[PDB]
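Undergrad: This is the structure, below, for whatever I ask next.
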Amino acid sequence: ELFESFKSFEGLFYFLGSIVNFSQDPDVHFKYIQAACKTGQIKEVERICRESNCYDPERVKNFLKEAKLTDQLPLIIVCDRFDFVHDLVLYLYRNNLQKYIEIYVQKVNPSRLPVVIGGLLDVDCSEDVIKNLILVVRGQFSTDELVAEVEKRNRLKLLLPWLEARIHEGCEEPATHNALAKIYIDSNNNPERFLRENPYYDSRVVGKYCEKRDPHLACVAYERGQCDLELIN
Amino acid sequence: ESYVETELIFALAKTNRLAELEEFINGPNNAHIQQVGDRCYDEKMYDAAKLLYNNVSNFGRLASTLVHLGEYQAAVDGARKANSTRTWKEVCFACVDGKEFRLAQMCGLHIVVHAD
Amino acid sequence: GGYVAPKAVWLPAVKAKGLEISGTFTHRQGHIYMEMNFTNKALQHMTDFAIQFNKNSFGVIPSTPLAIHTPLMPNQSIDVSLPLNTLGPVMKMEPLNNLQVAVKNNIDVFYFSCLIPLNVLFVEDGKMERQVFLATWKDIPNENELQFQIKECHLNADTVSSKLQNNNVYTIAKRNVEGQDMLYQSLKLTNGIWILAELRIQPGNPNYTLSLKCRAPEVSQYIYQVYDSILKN
């Protein structure tokens with residue numbers, strides 16, 4: 001407080017930046033952060049803000065959404081470290097999103113792809129950029145929950161080119177293959193020839209789908225899967 | 001704060017001073033909608049959570065508040081983009097009760113995808 | 001193996017500039033250890049660890065330097081087994097089993113105390129011959145005899161005996177007296193002090209009477225405490 005009494009440019013800033021070593025009062029550390037932002041050098045501090053995580057990211061994030069920097073990207077890190085993704089990407093749609101989401105999923109984490117995309121669909125975004133980011137190289141991904149949030153939104157019609165390019169080389173993922181099966185259910189035809197030359201999809205899955213729809217197709221479904229008792233039932 | 005501001009707009013609903021509330025709101029609110037924003041229609045003090053959820057784009061919730069409010073045309077006008085199974089059953093049952101039937105079927109189109 | 005209390009926090013990080021120590025004591029095949037976990041909750045590397053004890057009732061000291069050879073990095077947590085012996089200076093403390101400790105690192109020296117469970121001081125050669133037991137019991141002044149209650153115990157004499165034996169408390173004789181089991185037991189501390197005991201188990205009584213005779217009766221309360229712990233754990 002005697003520091004901040006004056007201008008208190010950065011002296012006791014460096015002082016804490018030394019003392020931070022086993023310094024567990026996160027409030028003074030956040031004030032220290034504010035200082036690092038006075039003349040922005042959080043660059044070399046945001047890194048330890050990744051390490052130092054004994055604080056309350058709420059008023060922190062508020063300070064951030066007041067701290068204008070236009071290229072900060074620890075806010076995303078603390079965000080998904082505490083899962084403030086909803087309101088974060090919310091204000092992000094409010095102002096702008098071009099690559100922040102993208103640079104996050106590429107360098108930081110392609111894990112939360114599907115959930116954030118579902119958020120985008122919730123905020124009723126522009127599908128094109130979703131296509132584009134899908135084109136952007138990723139790491140890992142789980143399709144099941146993605147198409148689940150889809151079936152909530154009912155707007156899968158857009159990863160299908162991704163599946164096209166992907167199976168274009170022939171990834172034998174029963175996941176993506178039954179996803180194809182779903183989009184073909186949507187396509188409203190008879191891929192029994194496809195159903196047979198594709199052993200990759202899950203017949204049990206497509207059958208438990210078409211329970212209502214198409215027993216005349218659950219036939220060949222269970223016949224690929226030899227699900228005779230299910231065929232009976 | 002948020003407390004000050006949230007309960008502030010809450011009391012503003014208590015005093016129905018919307019025509020200046022929502023206008024002040026455009027500033028750095030530092031508050032949290034959808035909590036007092038809830039309380040608005042919760043306390044039936046409508047027409048504001050209308051505006052709140054508007055400036056937060058809370059489709060359906062806002063449309064439901066239109067319903068309880070008696071607003072029914074712009075209700076479907078928001079449902080056309082909201083398009084949640086909720087939105088659809090809302091507009092269906094309400095508009096039937098609203099005794100509008102033409103637009104009722106016009107919106108009932110969008111549910112028949114679900115035979116349930 | 002005998003009873004070993006779960007580790008407890010001995011020195012919290014916030015009182016020690018980020019150093020957190022948890023600990024317990026064990027006795028392993030005639031050898032006493034102070035088993036600890038050191039965690040660095042600070043932002044500086046910690047080095048130059050050292051430890052010493054104040055003079056204490058049973059002459060407990062570390063027998064070697066503290067075996068921490070690498071810097072303990074921020075967020076790291078190591079297990080440290082410090083061998084102890086009872087060859088050190090003796091000063092009678094209150095409570096009798098209290099141990100004052102100083103731990104140093106490159107940041108500062110920190111102080112804490114902890115209580116030594118006396119069973120780690122129960123030696124292997126503590127089984128009195130029946131003849132000697134009777135004579136010693138009789139030799140010790142009757143005023144030295146102290147009575148304690150092991151509350152809510154339901155172990156059979158046999159189980160009592162086996163558990164105690166595992167902690168170097170030997171059953172010398174058992175007397176069945178109208179349903180009651182009377183167990184006569186001996187144990188011997190690292191300082192040579194014998195403690196004789198009569199445990200009375202009665203039918204319908206959920207509480208056992210532990211009667212202890214010692215030439216240094218001040219010790220008795222503490223034997224009772226750990227006797228109780230061994231039976232309840």
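So you can find residues: chains in the structure tokens are A, B, ... in the order shown, residues in each start at 1, and ligands are numbered from 1 in order.
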List the neighbours of residue 4 (chain B) out to 12 Å using only C-alpha atoms; skip same-chain residues closer than 6 positions along the sequence, and give me the result as JSON, numbers by chain.
TA: {"B": [10, 11, 12, 29, 30, 31, 32, 36]}
Undergrad: Just to be explicit: take each residue in the selection above, keep N, CA and C atoms, and write the result as a PDB file, in the first residue's frame.
TA:
```
ATOM      1  N   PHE B  10     -32.912  -4.602 -10.479  1.00  0.00           N
ATOM      2  CA  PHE B  10     -34.031  -5.323  -9.886  1.00  0.00           C
ATOM      3  C   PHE B  10     -35.050  -4.357  -9.297  1.00  0.00           C
ATOM      4  N   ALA B  11     -34.583  -3.435  -8.461  1.00  0.00           N
ATOM      5  CA  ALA B  11     -35.461  -2.414  -7.908  1.00  0.00           C
ATOM      6  C   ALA B  11     -36.015  -1.518  -9.001  1.00  0.00           C
ATOM      7  N   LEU B  12     -35.246  -1.310 -10.064  1.00  0.00           N
ATOM      8  CA  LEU B  12     -35.737  -0.527 -11.185  1.00  0.00           C
ATOM      9  C   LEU B  12     -36.933  -1.204 -11.823  1.00  0.00           C
ATOM     10  N   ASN B  29     -21.801  -2.572 -17.609  1.00  0.00           N
ATOM     11  CA  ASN B  29     -22.745  -3.046 -16.603  1.00  0.00           C
ATOM     12  C   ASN B  29     -22.047  -3.591 -15.363  1.00  0.00           C
ATOM     13  N   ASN B  30     -21.028  -4.426 -15.547  1.00  0.00           N
ATOM     14  CA  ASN B  30     -20.376  -5.157 -14.465  1.00  0.00           C
ATOM     15  C   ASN B  30     -21.359  -6.007 -13.664  1.00  0.00           C
ATOM     16  N   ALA B  31     -22.564  -6.226 -14.180  1.00  0.00           N
ATOM     17  CA  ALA B  31     -23.603  -6.966 -13.490  1.00  0.00           C
ATOM     18  C   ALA B  31     -23.784  -8.332 -14.145  1.00  0.00           C
ATOM     19  N   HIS B  32     -24.765  -9.093 -13.663  1.00  0.00           N
ATOM     20  CA  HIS B  32     -25.031 -10.435 -14.168  1.00  0.00           C
ATOM     21  C   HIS B  32     -26.515 -10.586 -14.454  1.00  0.00           C
ATOM     22  N   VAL B  36     -31.042 -11.825 -11.756  1.00  0.00           N
ATOM     23  CA  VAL B  36     -32.153 -10.901 -11.600  1.00  0.00           C
ATOM     24  C   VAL B  36     -33.014 -10.917 -12.852  1.00  0.00           C
TER      25      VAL B  36
END
```
Undergrad: Give me, as a PDB file with N, CA, C and O atoms, in the first residue's frame, all polymer residues having an atom no more than 12 Å from residue 189 (chain A), counting only C-alpha atoms and skipping those fewer than 5 positions away in the same chain.
TA:
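Resulting contents of around03.pdb:
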```pdb
ATOM      1  N   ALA A 181     -23.358 -43.396 -41.676  1.00  0.00           N
ATOM      2  CA  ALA A 181     -24.635 -44.092 -41.700  1.00  0.00           C
ATOM      3  C   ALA A 181     -25.768 -43.160 -41.298  1.00  0.00           C
ATOM      4  O   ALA A 181     -26.850 -43.183 -41.890  1.00  0.00           O
ATOM      5  N   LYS A 182     -25.525 -42.326 -40.292  1.00  0.00           N
ATOM      6  CA  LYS A 182     -26.544 -41.383 -39.857  1.00  0.00           C
ATOM      7  C   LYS A 182     -26.857 -40.379 -40.952  1.00  0.00           C
ATOM      8  O   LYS A 182     -28.027 -40.123 -41.262  1.00  0.00           O
ATOM      9  N   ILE A 183     -25.821 -39.796 -41.551  1.00  0.00           N
ATOM     10  CA  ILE A 183     -26.073 -38.813 -42.590  1.00  0.00           C
ATOM     11  C   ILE A 183     -26.740 -39.457 -43.788  1.00  0.00           C
ATOM     12  O   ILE A 183     -27.407 -38.776 -44.569  1.00  0.00           O
ATOM     13  N   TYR A 184     -26.601 -40.768 -43.943  1.00  0.00           N
ATOM     14  CA  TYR A 184     -27.279 -41.429 -45.049  1.00  0.00           C
ATOM     15  C   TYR A 184     -28.727 -41.727 -44.698  1.00  0.00           C
ATOM     16  O   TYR A 184     -29.603 -41.675 -45.567  1.00  0.00           O
ATOM     17  N   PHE A 194     -23.524 -50.466 -49.726  1.00  0.00           N
ATOM     18  CA  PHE A 194     -22.641 -49.757 -48.814  1.00  0.00           C
ATOM     19  C   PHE A 194     -22.627 -50.413 -47.444  1.00  0.00           C
ATOM     20  O   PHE A 194     -21.563 -50.600 -46.843  1.00  0.00           O
ATOM     21  N   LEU A 195     -23.807 -50.766 -46.929  1.00  0.00           N
ATOM     22  CA  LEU A 195     -23.891 -51.363 -45.601  1.00  0.00           C
ATOM     23  C   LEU A 195     -23.037 -52.617 -45.504  1.00  0.00           C
ATOM     24  O   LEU A 195     -22.510 -52.942 -44.434  1.00  0.00           O
ATOM     25  N   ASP A 214     -36.663 -48.042 -39.805  1.00  0.00           N
ATOM     26  CA  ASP A 214     -36.514 -48.850 -41.015  1.00  0.00           C
ATOM     27  C   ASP A 214     -36.073 -50.258 -40.664  1.00  0.00           C
ATOM     28  O   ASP A 214     -34.907 -50.631 -40.844  1.00  0.00           O
ATOM     29  N   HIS A 216     -36.815 -52.883 -42.282  1.00  0.00           N
ATOM     30  CA  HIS A 216     -36.417 -53.451 -43.558  1.00  0.00           C
ATOM     31  C   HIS A 216     -34.951 -53.200 -43.859  1.00  0.00           C
ATOM     32  O   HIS A 216     -34.416 -53.774 -44.811  1.00  0.00           O
ATOM     33  N   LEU A 217     -34.302 -52.339 -43.087  1.00  0.00           N
ATOM     34  CA  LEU A 217     -32.868 -52.121 -43.170  1.00  0.00           C
ATOM     35  C   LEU A 217     -32.131 -52.644 -41.955  1.00  0.00           C
ATOM     36  O   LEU A 217     -31.014 -53.156 -42.078  1.00  0.00           O
TER      37      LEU A 217
END
```
Undergrad: For chain C versus chain A, which residues have an atom no more than 10 Å away, and what is each residue's nearest atom pair and distance in Å rounded to one decimal, using only C-alpha atoms, chain-then-number order, as CSV?
TA:
```
residue,atom,partner,partner_atom,distance
C:13,CA,A:22,CA,7.9
C:14,CA,A:24,CA,6.9
C:16,CA,A:22,CA,8.4
C:17,CA,A:22,CA,5.0
C:18,CA,A:22,CA,4.3
C:19,CA,A:22,CA,7.7
C:40,CA,A:22,CA,7.9
C:41,CA,A:22,CA,5.9
C:42,CA,A:22,CA,2.8
C:43,CA,A:21,CA,3.3
C:44,CA,A:21,CA,4.4
C:45,CA,A:21,CA,8.1
C:46,CA,A:21,CA,9.7
C:74,CA,A:21,CA,8.4
C:75,CA,A:51,CA,9.1
C:107,CA,A:22,CA,9.6
```
Undergrad: I want to know what sits within 7 Å of residue 22 (chain C), based on only C-alpha atoms, with residues of the same chain fewer than 2 positions away left out; could you give that as a PyMOL selection string?
TA: chain C and resi 7-11+20+36-38
Undergrad: Deliver the residues from the most recent selection as a file, using N, CA, C and O atoms, as a compact mmCIF listing (two decimals), in the first residue's frame.
TA:
```txt
# COMPACT_ATOMS: atom_id res chain seq x y z
N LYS C 7 0.29 -39.77 8.37
CA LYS C 7 1.00 -38.49 8.33
C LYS C 7 0.07 -37.34 8.67
O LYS C 7 -1.11 -37.33 8.30
N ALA C 8 0.59 -36.39 9.44
CA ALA C 8 -0.15 -35.19 9.75
C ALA C 8 0.68 -33.99 9.32
O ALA C 8 1.87 -34.10 9.18
N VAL C 9 0.02 -32.87 9.03
CA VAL C 9 0.71 -31.64 8.70
C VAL C 9 1.42 -31.12 9.95
O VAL C 9 0.81 -30.83 11.00
N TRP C 10 2.73 -31.01 9.80
CA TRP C 10 3.62 -30.56 10.85
C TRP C 10 4.02 -29.10 10.66
O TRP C 10 4.17 -28.34 11.63
N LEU C 11 4.18 -28.72 9.40
CA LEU C 11 4.56 -27.38 9.05
C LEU C 11 3.80 -27.00 7.77
O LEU C 11 4.10 -27.50 6.69
N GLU C 20 5.92 -27.08 2.89
CA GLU C 20 4.94 -27.82 3.67
C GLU C 20 5.51 -29.21 4.05
O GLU C 20 5.89 -29.98 3.15
N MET C 36 8.65 -38.34 6.39
CA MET C 36 8.02 -37.10 6.01
C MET C 36 7.73 -36.91 4.51
O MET C 36 8.29 -37.56 3.65
N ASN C 37 6.87 -35.96 4.23
CA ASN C 37 6.64 -35.50 2.87
C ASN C 37 6.85 -34.00 2.86
O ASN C 37 6.29 -33.31 3.72
N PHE C 38 7.75 -33.53 2.00
CA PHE C 38 8.07 -32.13 1.88
C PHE C 38 7.47 -31.68 0.54
O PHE C 38 7.68 -32.34 -0.48
```
Undergrad: Among region 148-211 of chain A, which residues carry a DSSP assignment of alpha helix (DSSP H), reported as a PyMOL selection string?
TA: chain A and resi 148-153+160-167+174-187+192-197+203-210
Undergrad: Taking a cut-off of 12 Å and counting only C-alpha atoms, can you build a table that, for each residue of chain A near chain B, reports the nearest atom pair and how far apart they are in Å (one decimal), sorted by chain then residue number, as a Markdown table?
TA:
```
| residue | atom | partner | partner_atom | distance |
| --- | --- | --- | --- | --- |
| A:58 | CA | B:30 | CA | 11.7 |
| A:59 | CA | B:1 | CA | 10.0 |
| A:61 | CA | B:30 | CA | 11.5 |
| A:62 | CA | B:30 | CA | 8.1 |
| A:63 | CA | B:30 | CA | 10.5 |
| A:65 | CA | B:30 | CA | 10.0 |
| A:66 | CA | B:28 | CA | 9.3 |
| A:87 | CA | B:56 | CA | 10.5 |
| A:90 | CA | B:56 | CA | 9.0 |
| A:91 | CA | B:56 | CA | 9.7 |
| A:93 | CA | B:56 | CA | 11.1 |
| A:94 | CA | B:56 | CA | 9.3 |
| A:121 | CA | B:82 | CA | 10.6 |
| A:122 | CA | B:82 | CA | 8.9 |
| A:123 | CA | B:57 | CA | 7.8 |
| A:124 | CA | B:81 | CA | 8.2 |
| A:125 | CA | B:81 | CA | 11.4 |
| A:151 | CA | B:84 | CA | 11.4 |
| A:152 | CA | B:84 | CA | 8.5 |
| A:153 | CA | B:84 | CA | 7.7 |
| A:154 | CA | B:84 | CA | 9.6 |
| A:155 | CA | B:83 | CA | 11.3 |
| A:186 | CA | B:113 | CA | 11.6 |
| A:212 | CA | B:115 | CA | 10.2 |
| A:213 | CA | B:115 | CA | 11.1 |
```
Undergrad: Using only C-alpha atoms for the distances, tell me which of C:15, C:213, C:154, C:200 is nearest to residue 232 (chain C).
TA: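 Smallest distance to residue 232 (chain C) is found for C:154.
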Undergrad: State, in Å with one decimal place, the distance from CA of residue 168 (chain C) to CA of residue 124 (chain C).
TA: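 Those two atoms sit 5.8 Å apart.
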